[PDB]
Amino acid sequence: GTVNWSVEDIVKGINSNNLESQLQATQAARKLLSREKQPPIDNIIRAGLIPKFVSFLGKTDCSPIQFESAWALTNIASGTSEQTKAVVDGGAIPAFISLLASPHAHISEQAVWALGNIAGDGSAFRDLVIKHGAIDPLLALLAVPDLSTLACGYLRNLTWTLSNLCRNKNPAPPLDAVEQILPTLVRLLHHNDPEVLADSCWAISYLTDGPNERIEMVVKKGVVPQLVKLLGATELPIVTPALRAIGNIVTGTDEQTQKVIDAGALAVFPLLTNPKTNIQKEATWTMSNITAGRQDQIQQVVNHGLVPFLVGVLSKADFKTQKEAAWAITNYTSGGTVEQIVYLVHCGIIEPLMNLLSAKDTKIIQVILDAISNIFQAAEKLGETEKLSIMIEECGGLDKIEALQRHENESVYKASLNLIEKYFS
């Protein structure tokens, strides 16, 4: 019936002044735009059809044509920025926001989806959707005692659209927008649908990606324990944004980092052996921002047995993960006590550390040499530089620190030098 029309035929029927004729052409349009292979987005734009689709959104007494046009505009806006811009320039934003009030759940769902595709283009379209007043009627759709009485697919669409309103920096979303969305967002973060949880953690991870005062708005709402719970999900599409959000919060103040520790987060990090390389990476990254904190927080790292896990990740891991581990160690050795640094050496940090001095990356080597000297400072404070110096010797670390005098980078070669003449003379 409406299967593969030409864009010429669609134009003829939409330009008829026959609402039923237009309904059929609009659906032929939607079917074109929703095929797997190369939907003709540009052909439809160039045919001039976008303003007619937007106008069809208003046709209250023909909800089928509202539905078809909304579907069609959704898919045009799912494309390139210029394609999405074509939909906005057609006046679709006030029109989709009106549709949020539809009595038909499949219409409003399609309205939700398109606003998501528009807000996803970036900060300006995001902010522009908010300025047109999308938030109030979006949250209204979720004003029910129990989310569980809403349709599954309907719920996941809203959550996704709500994360895109939380997304992108330069600038971050309006603060009042964030405060208006955050409570409902906390409610989705406790819903039991795996896809809703994933999309909510993404949103929370965006909101915590920025200045400490952004992080503070999230921590203030008490979401951290539930982030820690989701940090231990079996479902890796959940673990991934939960970890990113946790990693974001610990870049804040020590008090904010302390609330991650207080919620039990360190118990899940034995993350550091996850089969998925990026989880291992982001977990080590988080660990380096926790060893950068206070001595009592370093001590909490020690007490959870996490130091043997950093030795492990230093010994064998993807090299990007190892580079974070070297950062974690240098931070630990910068802020830790003598006892804590001594503990590090007893756990076997020395050998895996020396072997990465063979790396090409210049920052990892200056980070590693940094760590060594903090560790030699501790050995002096104990009258014990000698024994450590021999450990570095026996496993062939001296060879490395020697050869690092040849290094082109200036901070490198003066670093190794200082080490050899101060403790290897």
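Quick note: we count residues from 1 along the sequence shown, nothing fancier.
Please classify the coordinate gap between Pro270 and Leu271 in terms of deposited residues: none, 1 to 3, 4 to 9, or 10 or more. Gap between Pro270 and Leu271: 1 to 3 unmodelled residues.
Taking only the CA atoms, which stretch has the higher mean B-factor in the record, 353 to 361 or 60 to 68? Per the deposited B-factors, the answer is 353 to 361.
Highest mean C-alpha temperature factor of the two stretches 414 to 422 and 4 to 12, which is it? For C-alpha atoms only, the mean B-factor is higher in 414 to 422.
Tell me, please, which of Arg244, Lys323, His191, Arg126 has the highest C-alpha B factor according to the deposited entry? Checking the PDB record, the top C-alpha B-factor among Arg244, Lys323, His191, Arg126 is at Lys323.
Could you look up the Cα B-factor of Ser315 in the entry and say which third of the chain it sits in: lowest, middle or highest? CA B-factor rank for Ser315: middle third.
Chain-wide C-alpha B factor ranking for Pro40, given as lowest, middle or highest third: For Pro40, the deposited C-alpha B-factor lands in the middle third.
Chain-wide C-alpha B factor ranking for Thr277, given as lowest, middle or highest third: Middle third by C-alpha B-factor.
So where's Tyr332 on the chain's Cα temperature factor ranking, which third? CA B-factor rank for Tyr332: highest third.
Within this chain's modelled residues, let me know which third the CA B factor of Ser55 belongs to: lowest, middle or highest. Bottom third by C-alpha B-factor.
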